[PDB]
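Peer 1: Structure provided below as structure tokens; questions to follow.
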Amino acid sequence: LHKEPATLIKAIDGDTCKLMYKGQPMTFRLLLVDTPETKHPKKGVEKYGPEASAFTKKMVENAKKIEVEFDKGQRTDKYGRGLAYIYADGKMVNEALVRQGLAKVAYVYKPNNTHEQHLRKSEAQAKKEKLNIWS
Ligand SMILES: Cc1cn([C@H]2C[C@H](OP(=O)(O)O)[C@@H](COP(=O)(O)O)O2)c(=O)[nH]c1=O
Ligand SMILES: [Ca+2]
């Protein structure tokens, strides 16, 4: 994979944000994870939804550098959102959330699963530590 610079435009929730990428603004959705909903009426405000949003917001707003790393398959989803692993000062936001029990590993669609095992190992640790979503 290969990291590329991006500039934060606006944090939306735990797993979705707006970034300036290659000159253009677009919304990104974190690969392989799912933070709880705080927007869609069908799901309502789910437990830890507000917590995941705050964690992500803090993490991306305070970073000196943001980088996007597309996987080997499709780079956007059906809603036109970029699908990537996002790094804040070298730290993967996707992993950070999973490690804290603020996201579950989900939407594993091959071949966009390069970091699946890494994320799963962090999810298991969060589970055994009974963190947030796993408490
Ligand atoms: C992370 C991810 C989400 N999605 C889709 C699946 C879900 O579609 P449906 O909404 O049609 O079920 C939605 C989940 O994202 P949200 O967690 O942002 O809702 O985005 C992908 O298509 N591929 C991905 O890699
Ligand atoms: Ca979500």
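The residues of chain A that appear here are 89-223 by Swiss-Prot count, in order.
This entry, so its header tells us, was determined using X-ray crystallography, 1.9 Å.
Quick reminder: no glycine exception, Cβ is built from N, Cα and C everywhere.
Straight out of Swiss-Prot:
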{"type": "BINDING", "residues": "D103, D122, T123", "note": "Ca(2+) binding site"}
{"type": "ACT_SITE", "residues": "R117", "note": "active site"}
{"type": "ACT_SITE", "residues": "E125", "note": "active site"}
{"type": "ACT_SITE", "residues": "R169", "note": "active site"}
{"type": "COMPBIAS", "residues": "203-219", "note": "compositional bias 'Basic and acidic residues'"}
Peer 1: So which recorded positions out of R117, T123, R169 are up against ligand 2, CB under 6 A?
Peer 2: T123
Peer 1: Round to a whole number and give the Cα-to-Cα distance in Å for the pair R169 (active site) and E125 (active site).
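Peer 2: On Cα coordinates alone, these residues lie 17 Å apart.
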Peer 1: Look up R117 (active site) in the DSSP assignment and reduce it to helix, strand or coil.
Peer 2: strand
Peer 1: Measuring Cα to Cα, how far is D103 (Ca(2+) binding site) from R117 (active site) in Å?
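Peer 2: Answer for this pair: 6 Å between alpha carbons.
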Peer 1: For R169 (active site), just give me the three-state DSSP call.
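Peer 2: Looking at the DSSP assignment, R169 (active site) belongs to neither helix nor strand, so coil.
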Peer 1: Run through the Cβ atoms and count how many others sit within 10 Å of the one on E125 (active site).
Peer 2: 17
